[PDB]
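Reading through the C-alpha cells given below for one structure.
Lettering of chains follows the sequences in order, A, B, ..., and the numbering in each one begins at 1. Ligands are counted one by one from 1 in listed order, and the atoms in each one are counted from 1 as well.
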Amino acid sequence: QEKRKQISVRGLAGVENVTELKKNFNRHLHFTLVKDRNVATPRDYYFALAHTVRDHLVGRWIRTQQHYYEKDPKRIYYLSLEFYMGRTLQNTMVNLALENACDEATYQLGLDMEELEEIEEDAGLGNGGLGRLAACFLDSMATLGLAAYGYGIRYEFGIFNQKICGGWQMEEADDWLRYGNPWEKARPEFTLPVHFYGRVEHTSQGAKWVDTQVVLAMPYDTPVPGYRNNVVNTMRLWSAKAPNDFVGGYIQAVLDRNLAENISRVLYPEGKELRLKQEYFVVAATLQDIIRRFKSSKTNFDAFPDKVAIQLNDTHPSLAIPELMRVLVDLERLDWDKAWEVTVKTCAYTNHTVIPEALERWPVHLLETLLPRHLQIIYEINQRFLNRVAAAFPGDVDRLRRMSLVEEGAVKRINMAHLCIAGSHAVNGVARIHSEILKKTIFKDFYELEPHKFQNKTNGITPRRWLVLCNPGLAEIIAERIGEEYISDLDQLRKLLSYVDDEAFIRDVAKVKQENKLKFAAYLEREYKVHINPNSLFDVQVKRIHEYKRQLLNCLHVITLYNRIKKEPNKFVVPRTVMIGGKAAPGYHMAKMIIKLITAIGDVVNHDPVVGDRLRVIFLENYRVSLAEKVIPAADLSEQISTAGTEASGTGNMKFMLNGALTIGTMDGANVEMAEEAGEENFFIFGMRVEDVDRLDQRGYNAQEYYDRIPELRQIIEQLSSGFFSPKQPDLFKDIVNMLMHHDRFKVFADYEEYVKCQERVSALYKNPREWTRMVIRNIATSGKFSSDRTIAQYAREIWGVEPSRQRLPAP
Amino acid sequence: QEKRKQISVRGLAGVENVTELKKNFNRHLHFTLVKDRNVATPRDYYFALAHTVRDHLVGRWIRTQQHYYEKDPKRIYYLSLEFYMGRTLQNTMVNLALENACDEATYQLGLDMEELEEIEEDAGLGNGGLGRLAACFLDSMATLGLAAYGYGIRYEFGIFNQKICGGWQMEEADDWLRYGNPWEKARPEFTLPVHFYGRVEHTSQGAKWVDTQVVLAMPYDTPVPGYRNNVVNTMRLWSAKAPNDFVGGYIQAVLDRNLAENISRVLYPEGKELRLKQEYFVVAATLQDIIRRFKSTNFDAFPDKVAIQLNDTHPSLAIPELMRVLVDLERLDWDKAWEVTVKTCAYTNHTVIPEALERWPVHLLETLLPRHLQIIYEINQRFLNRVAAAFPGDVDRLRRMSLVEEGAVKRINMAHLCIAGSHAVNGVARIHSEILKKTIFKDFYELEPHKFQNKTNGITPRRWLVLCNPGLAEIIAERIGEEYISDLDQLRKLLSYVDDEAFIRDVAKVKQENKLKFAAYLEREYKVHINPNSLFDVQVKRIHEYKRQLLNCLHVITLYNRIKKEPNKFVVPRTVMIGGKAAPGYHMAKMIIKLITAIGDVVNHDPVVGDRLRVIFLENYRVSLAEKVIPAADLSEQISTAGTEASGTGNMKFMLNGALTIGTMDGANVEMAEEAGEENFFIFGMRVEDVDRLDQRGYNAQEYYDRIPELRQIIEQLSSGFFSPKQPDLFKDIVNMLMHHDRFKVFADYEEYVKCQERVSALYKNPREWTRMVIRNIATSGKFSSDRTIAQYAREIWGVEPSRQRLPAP
Ligand SMILES: O=c1[nH]cnc2c1ncn2[C@@H]1O[C@H](COP(=O)(O)O)[C@@H](O)[C@H]1O
Ligand SMILES: O=c1[nH]cnc2c1ncn2[C@@H]1O[C@H](COP(=O)(O)O)[C@@H](O)[C@H]1O
C-alpha cells in the first residue's frame with residue numbers, strides 16, 4: 001500500500017524553534033505526564049523538558065537506523081557490564097545544538113533550565129573508569145558515524161550512594177529509577193529466553209541442552225547522539241524478568257522469581273553465583289539480538305565476521321565466545337572448525353589490569369552446575385588450543401600448563417582471560433606501558449605463540465562532555481583563536497601553542513579558571529555548608545579509595561605542610577585547598593579508615609586559628625560523573641600519585657589536563673604518554689619508576705629506614721599514634737600506622753621525600769601566575785592525543801575493519 | 001510569575017481535524033513508540049491510534065479535575081474489587097465524537113480501524129456482573145456530570161483466560177499488561193503505605209498501631225469519558241509494591257516481598273488470608289486519598305463532601321478504617337467519628353441466600369488487623385446497646401443482630417458491619433430489596449426501616465447499544481433522533497412504529513445483519529457451518545448448577561432426539577450457543593462444560609441433522625465477546641431456578657438488542673416483564689412461592705423422571721455413554737446429581753420449559769409477529785438504563801443532583 005508511505009518521520013520534528021519547543025513542553029507536561037501547572041513539580045518540569053528533547057533525538061534515531069539498513073555496514077557491538085553514563089539532558093542538547101533554544105524556551109516559560117538539570121539522577125549503570133570509558137566510547141563511535149551498539153544490563157540500584165556521617169562512609173541504595181527514566185524505551189515485543197542449569201544430552205546429530213531454568217531478558221533502548229552530525233546510535237540494556245506461570249503442587253519456587261529478578265537489581269561487587277548469572281544473561285540475550293539482526297538484511301555465516309564485530313570490555317562478557325560457539329555449533333548446525341574461525345574473527349578483547357591476581361577466574365564446579373554445555377565447549381576449546389601450542393613448541397610441557405584455560409590446584413578453575421585470548425583475533429592493552437607489560441609478563445606465553453594478535457589502544461576521553469559541556473568558558477576562548485572545529489578534532493588544539501606568548505590569551509586562560517573555582521566554591525556552600533578560599537591552589541585527588549592509589553601519601557603531605565605552618569607560622573606558604581574524593585568498597589576495611597583519616601585531618605586543620613585559610617582539607621562526598629564535571633574544570637593541580645606500574649592507564653588524568661590543571665604524578669599509566677606529549681618539563685613527574693619498584697622488592701623494602709632518616713615522617717606517625725587527629729579515640733588509627741610501618745605493600749614512605757620536594761616546586765611555580773599559565777597552555781595545547789575520537793579511530797581501522805566518517809547525515 | 005501562565009493546555013490539537021489526527025498519529029508511532037512503518041506491527045499501529053485518542057481524552061480529563069477544584073463539589077467514591085472495563089478504544093471515540101474522524105484518518109493512512117480495534121486486550125480487571133455494574137455506573141456517573149471516582153485494585157493477570165481443549169476448560173494466565181496499557185498512568189509519586197499485623201499499644205492520649213509490616217500502594221489513573229458532555233472522571237487502581245532496604249540475615253524478607261505483591265497479582269476465584277489482605281489494601285489506600293482530597297479542617301463537612309459506596313461487603317473494612325483514622329489519627333471522639341462514618345457510607349447488597357454474606361474469623365482479624373478488631377468490638381457493643389434499648393428484654397434478637405457470630409469458630413459477619421455503619425442499605429431489584437426487608441435482614445429492618453432501599457440495576461446504553469449495535473442505533477435515530485442515547489426512556493416513542501412496515505423490516509434486517517457478521521466470526525474459530533437463518537438461541541452466564549445450563553442441555557437433546565426420530569418433520573433450525581466460565585475448583589461446573597461440548601460433537605457431525613441444529617460452547621466469554629454475540633441473539637436464556645437470582649444485568653442487554661427472553665419469574669425478569677408486558681415474554685416454570693411449596697413437601701426428582709418418557713430416554717443416553725462413547729461413565733456424577741441431590745429442581749421445570757420453547761419456535765415461524773414482539777421489548781427497555789439507576793443513587797442516597805450539562809475545552 002502506497003498510502004502507507006505517508007506514515008513518515010517527514011515533518012514531525014519540524015523546526016528546532018523556540019515557539020515549537022514551548023508547544024512540546026506543554027504537550028509533554030500535560031499529555032505525556034498527565035499533569036498541569038497546579039500540580040507540576042520541578043521533577044515534572046524536568047521530565048517534560050527531557051521528553052521534549054527526546055523527540056529530537058528519536059527522529060534522528062529513526063533515520064540513522066534506516067540508514068544502517070539501507071547501507072548495511074559492518075556492525076560493531078560493545079559489551080560491558082558497566083555504562084557510567086551520568087546525566088543526559090545537557091549532553092543531548094550540545095550534541096543536537098538545542099542548547100540555546102531550550103534555555104530560551106524554559107526562561108520564557110518561567111523556569112530555570114539549571115534547577116531542572118540538577119534534578120536528573122546520575123544513571124546508576126556504572127561505578128568506575130571502566131564504565132566511563134564505555135560512555136566516552138559510545139559518544140565517540142556516534143560522532144565518527146559507526147554502526148555501533150552498546151549492550152549491557154539495566155541495573156536498578158546502580159552502585160550505592162555515599163553519605164559521610166561523622167567521618168564514616170555509609171552506603172545508601174541508589175534508586176535512580178524510582179520515578180522512571182525519560183531517556184529509555186521499553187521493548188516488551190523483544191523479550192528473550194535465557195537458560196540456566198539443566199544438563200547436556202549427547203544424542204545423534206549433537207548436543208541438546210535440556211531441562212533448563214528460563215529467565216526473560218527484556219531490552220530497553222536509549223539513543224546515543226553524535227556530535228552535531230545527526231547520527232543517533234543505540235544503547236540496548238537488558239532487564240531480567242521471571243516467567244509468569246499459572247504442575248501445581250507447591251509454590252516454594254518463589255525463590256526462582258527473586259533469584260531471576262536480582263540479576264538486574266544490583267551492580268558488583270570475588271565471585272558469587274549471581275555475578276556469573278549476570279555475565280551469562282547479558283551475553284546470551286545480546287548474541288540472539290546480533291544474530292537476529294544479521295539474519296534480517298535484504299543462512300550463510302561466512303559473511304558473519306564481515307558484518308559483525310564484538311568487543312569484550314574486560315573478561316566480564318567472556319562467555320560470548322563459548323556462547324557464540326554454542327549457537328553456531330548446536331543450533332545453526334555448523335561444525336567446530338568453521339564456527340571457531342567465525343568466532344575468533346568476530347571477537348576482540350580489551351584488558352584493563354596490570355596484576356595477574358586481579359584477573360577473572362571461575363571454579364569449574366560452578367560452571368558445571370549453571371552452564372553445563374558451556375563447560376564442555378570450554379574444554380573442547382582448551383584441547384585444540386593446547387594442541388596448537390604443542391605443535392608450535394614441541395617438548396615444552398611447562399608451557400601447556402601455563403597457557404591452559406584450566407587452572408589446576410585445590411579448586412579446579414577456568415581462567416577467563418585465557419579464554420578471551422584464545423578466542424579473539426585481537427587483544428589490546430589500554431596504555432602503552434600497560435600493553436607492553438601484557439606482552440612482556442602477564443601474557444608473554446600467548447604473545448610468543450601469536451605476536452601479531454597483541455595491540456595497544458591508549459585510552460581517551462570525549463571532548464564533548466569533558467570540555468564543551470563542563471567547561472564552556474574554556475571551549476569559548478579556544479574557539480576565538482581556532483574555531484568551533486577542535487571539538488571533533490582535538491589534535492588541532494596544537495594551534496594554541498602559537499598563543500603561549502600572547503598576553504590576552506594568558507589572562508583569558510587564567511580568568512576562566514578563577515571563574516570555575518568561584519562557581520565550585522559557591523557550590524560547596526550551597527549544599528554542604530563549608531567555607532572555601534577561592535584564591536588558593538586547588539589540589540584535587542579524585543580516584544577510588546585504595547591503598548595503591550595512595551591518597552595516604554597525599555594525607556602525609558597535607559599533615560607535613562600543616563606541621564610546617566606550625567613550626568614556622570610567619571613564613572609565607574602558598575595557600576591550598578586540598579580536596580580528596582572517591583568511593584570505598586564495602587568490606588574494604590582499609591579504605592573505610594582512609595576516609596575517616598582524611599576527615600579527621602580536616603577536622604583539625606580547618607578549625608585551627610593559626611592555619612586560618614592558608615590550608616584547607618575537604619573530602620568530596622559521593623564522587624560521580626556530574627560532580628567530576630563540576631570539580632575538574634576548577635582544578636589547578638591533578639594528583640595522579642599511584643605506585644609506578646599499578647596503573648594500566650587512567651582517564652581522570654586526561655580530564656584534568658584538558659581543563660587547565662597541571663599534573664603531579666608518577667611515571668605510570670598514561671602519565672608516561674601525557675608527559676611525552678607535553679614534555680617532561682611541563683609535568684611534575686617524581687618518585688620511583690617501575691624499574692625501582694622491582695629493584696626494591698629485590699633487595700627487600702624496609703620502611704623503618706625511612707622513619708629514621710626523615711624526622712617529619714617520624715613526627716606525623718607519632719601524631720597519628722598518640723591520637724592528635726582522633727583525640728576521643730587515640731588508637732583509632734593504629735592499623736593505618738601498622739600497615740604503613742610493617743606491611744605497606746605499596747611503598748608510601750619510599751616516595752615521600754621526592755614527593756614533598758616536588759610539591760614545593762609546584763607551590764613555587766604557582767606563586768608565579770604568568771609562568772604557571774603558560775605551562776597550563778602548553779598542557780592544554782598538546783592534549784589532543786587523549787581524545788576518544790583518536791582511540792576509536794584506531795579501534796575501527798586496526799581491530800574492527802571499518803572506516804570512521806565525519807559526514808553529516810541528512811534530515812530531519 | 002506571569003510567565004508561568006504559558007504552561008497550559010490551550011494548544012493541543014483542535015480537533016475533528018482528520019488532518020491533525022493524521023499528524024498526531026505520526027507523532028506517536030515515531031516519537032512515543034520509537035517505531036516506523038518499516039518495522040511496525042498492527043499492534044504498534046493500535047498503540048499509535050490509542051495514544052492519539054488519548055491526547056484528546058486527557059485534555060478533557062485535566063479540565064474536569066481543574067473544574068472540580070474550583071467548584072469544590074461533593075465527591076463520590078465507588079469502591080469495588082472488580083471493574084469489568086473491557087476494551088477502551090471505541091467507547092472513547094464515540095463518547096468524544098472522534099469516531100468518524102479517526103476512521104477517516106486511519107483510512108487515508110492505508111489502515112483499517114476495525115482491524116486495529118481487535119488488537120486491544122480486555123482489561124483483566126473483572127469477573128462477572130458485580131464488575132460490569134461498576135463499569136456501567138462509571139460511564140453513567142460521568143454522563144450525568146457527577147463527581148465520581150472508581151477505586152479498585154490493578155490486577156496484573158486478571159482472572160484467567162478460558163481455553164477449551166478436548167472439551168475441558170483450561171485456564172491460562174491473562175497477561176493483558178504484556179505490552180502495556182496505553183490508557184493508564186502510573187503515579188509513582190503518590191505511593192502510600194498500607195499496614196499489616198503487628199500490634200496495638202494503649203498510651204493515655206490514644207491508641208497507636210505499631211510494629212506493622214508495610215506494603216506500598218501505587219496508584220494508576222485511567223480516565224473515564226462522559227458521553228459527549230466533556231466530563232472525564234478518574235478510575236484509580238492500586239498496585240502493590242514491596243519496600244526496599246539493602247543487614248541480613250535472614251532473607252525471608254524475600255517471602256514478604258512476594259506475599260506483598262500477590263495482593264495485586266490476581267482476582268478471585270480455600271478461605272484465604274490473602275483475600276482479606278486484598279480487601280484492606282484497597283480500603284486503606286483509598287481512604288488516605290479520600291482524606292487528602294478533602295483537606296486539599298473540621299470533619300463536620302465530611303459527609304456533605306464525600307460519599308462512599310460499598311459494592312458488596314468486599315470493602316466493608318472501610319467503615320472500621322474510617323473510624324481508625326478519625327479517632328486514632330484525626331483525634332475526633334468516638335461519637336463524632338461515628339456520625340461521620342454512618343453518614344458517609346452507603347452499602348449495596350447483591351445476594352439472596354443467607355450463607356452467601358461475607359464472614360471473617362476473629363482469630364484471623366486479631367492477627368492481621370488487631371486495631372480494626374477492637375474498633376469492630378466497640379461498634380458492635382454500642383450498636384447492641386441500642387438494640388436492647390429499642391427492644392427491652394429481647395435477648396434472642398441481640399445474638400441475631402450481633403456483628404460477632406458464634407459457632408465452632410467465632411466469626412465477624414461483614415454484612416451486619418455494613419448495615420450498622422451505613423445510612424442506606426440498597427438492594428438491586430425490587431423482589432430482592434424486599435426479601436432483604438422480609439427474611440434476610442428483617443431484624444435490622446424493624447429498627448431502621450428508613451435504611452432499606454431499592455435500586456434496580458441498569459446497563460449503559462452507550463457500550464450496550466450505540467457501540468455494539470450501530471445498525472440498531474441508526475434505525476432508531478432515523479425515526480426518533482439521537483436524544484434517547486442519554487435518556488433511554490424516549491424509546492417508548494417506538495410503540496408508535498409497531499405496525500409500521502418500514503420499521504418492522506428495518507429491525508429484522510439489522511438483526512439479520514448482526515447474525516451474518518457473527519456467523520462469519522463463528523465459522524472462523526470453531527470450524528463448523530452456521531446456518532445464519534436459524535434462531536440464535538444464546539445463554540451467557542457464569543457456569544453454575546443454579547444458573548442451570550443443564551436445563552438448556554436437556555432441551556437441546558430432546559430436540560436432537562426428535563429430529564433423529566422424525567427426520568422429515570419440519571423443524572425451526574436453531575444455533576444453540578452457551579458460554580461462561582467455571583470457577584476453578586468447581587467440579588460440577590467443569591463437567592457441565594464437558595457435557596455442552598460433548599453434545600456438540602455428536603449433534604454437529606450428525607449427517608441426519610443437516611444444519612437444523614448446532615450446539616456451540618463459546619470460548620472465553622468476556623466483555624468484547626459479549627458485545628458481539630448479544631446483538632446477534634434472537635432468544636436470551638434467562639433460566640435460573642426461581643428466587644436464586646437477585647437481578648441479572650445481561651438480561652437487559654439482550655432485551656435492548658432485539659432478543660426475546662425465555663426465562664423464569666425471578667431477578668430482573670420480573671421488572672422486565674412488568675415494563676414490556678407479560679404477553680411479550682416467554683415466562684415459564686415454578687415461581688418463587690412455587691419453589692417454596694416443593695420445598696415444604698420435599699423435592700423428589702423420580703416422580704418427574706417417571707411421568708415423562710422423553711426425560712427418561714436422555715438420562716439413559718447420558719448414563720449409557722451415548723455422548724461419551726469411549727468413556728460411558730464420564731457423566732455419571734451429573735446423572736446422580738440430577739436424580740438424587742438436585743438442589744435446583746431441573747426436572748421440575750423441564751416439561752414447562754420445553755412447552756414454552758415450542759411456543760418460541762412457533763412464533764419464530766412468523767417473522768412479522770416475531771419482530772413486532774421484539775419492538776415491544778426494545779421500546780419498553782428504558783427503565784433499565786444505568787442513567788436511571790445512578791440518578792436514583794444521586795438523589796436518594798448520595799444527595800447530589802445529576803446534570804446533563806456540557807463542559808467546554810479551549
Ligand atoms: O528493515 C528495515 N528497513 C529500514 N529500517 C529498519 C529496518 N529494520 C529495522 N530498522 C530500523 O531499526 C530500528 C530497529 O532496529 P533493529 O533492532 O535492528 O530491528 C527501527 O526503529 C527502524 O527504524
Ligand atoms: O488545587 C488545584 N487547582 C487546580 N487543579 C487541581 C488542584 N488540585 C488538583 N487538581 C487537579 O486534579 C488532578 C488530579 O489530582 P487529584 O485530585 O489530587 O487526584 C490533577 O491533574 C490536577 O489538574
Side-chain angles (χ1 to χ4, degrees), chain A residues 7-9 29-41 44 57-73 75 77 147-149 151 185 187 189-190 192 219-221 223 232-236 285-286 288-298 307-308 811-812, chain B residues 7-9 29-41 44 57-73 75 77 147-151 185 187 189-190 192 219-223 232-237 285-286 288-296 306:
Chain A
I7 301 167
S8 191
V9 215
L29 178 72
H30 299 85
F31 305 151
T32 314
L33 284 339
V34 191
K35 292 271 169 64
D36 63 34
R37 69 169 185 280
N38 300 125
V39 278
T41 273
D44 298 320
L57 252 193
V58 302
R60 268 157 267 248
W61 189 84
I62 302 288
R63 289 299 157 185
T64 304
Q65 300 311 310
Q66 280 167 352
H67 183 82
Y68 296 156
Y69 277 83
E70 315 285 64
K71 155 146 141 30
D72 191 37
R75 278 161 152 114
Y77 297 96
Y149 305 76
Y151 277 85
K185 222 279 152 191
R187 312 280 200 186
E189 326 82 85
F190 294 140
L192 286 175
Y220 291 66
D221 293 339
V232 181
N233 283 344
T234 297
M235 188 181 61
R236 179 95 133 187
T286 292
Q288 282 183 78
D289 221 33
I290 292 160
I291 285 162
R292 193 202 95 247
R293 197 177 282 122
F294 171 65
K295 287 186 175 166
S296 48
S297 53
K298 290 153 190 164
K307 258 68 171 88
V308 183
Chain B
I7 293 168
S8 161
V9 258
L29 184 93
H30 301 96
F31 298 159
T32 303
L33 272 19
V34 191
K35 290 301 188 59
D36 61 9
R37 64 169 197 270
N38 288 144
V39 89
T41 285
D44 289 321
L57 219 195
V58 296
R60 299 172 224 275
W61 187 78
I62 302 293
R63 289 296 185 211
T64 307
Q65 304 322 293
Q66 282 178 4
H67 167 77
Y68 284 1
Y69 282 89
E70 320 302 309
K71 268 41 173 77
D72 206 1
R75 277 163 160 105
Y77 293 96
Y149 299 81
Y151 266 94
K185 219 303 149 174
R187 303 293 198 189
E189 328 84 56
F190 291 109
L192 305 168
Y220 286 68
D221 303 327
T222 300
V232 179
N233 292 348
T234 297
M235 177 171 73
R236 184 85 126 189
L237 263 30
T286 300
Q288 287 192 61
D289 230 17
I290 289 180
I291 296 178
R292 199 203 94 247
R293 262 196 216 92
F294 169 82
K295 299 176 163 152
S296 70
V306 163

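Pairing each heavy atom of A:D44 with each of A:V39, the nearest pair is OD2-O, 3.8 Å. Heavy-atom minimum distance, A:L192 versus A:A285: CD1-O, 3.6 Å.
Under the ring pair (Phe, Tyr, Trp, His ring centres under 6.0 Å) criterion, B:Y149 pairs with B:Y77, sequence neighbours left out. Applying the side chain to side chain donor-acceptor pair (under 3.5 Å) test to A:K185 and every residue at least two apart in sequence or in another chain returns nothing.
Annotation: salt bridge (charged side-chain N to carboxylate O under 4.0 Å, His left out) contacts involving residues 57-72 of chain A, sequence neighbours excluded, comprise A:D72-A:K307.
Protein residues lining ligand 1, listed by chain and number: A:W61, A:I62, A:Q65, A:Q66, A:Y69, A:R236, A:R292, A:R293, B:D36, B:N38 [non-hydrogen atoms, distance under 4.0 Å].
A:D289 contributes no side-chain N or O that, together with a main-chain N or O of A:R292, makes up a donor-acceptor pair within less than 3.5 Å.
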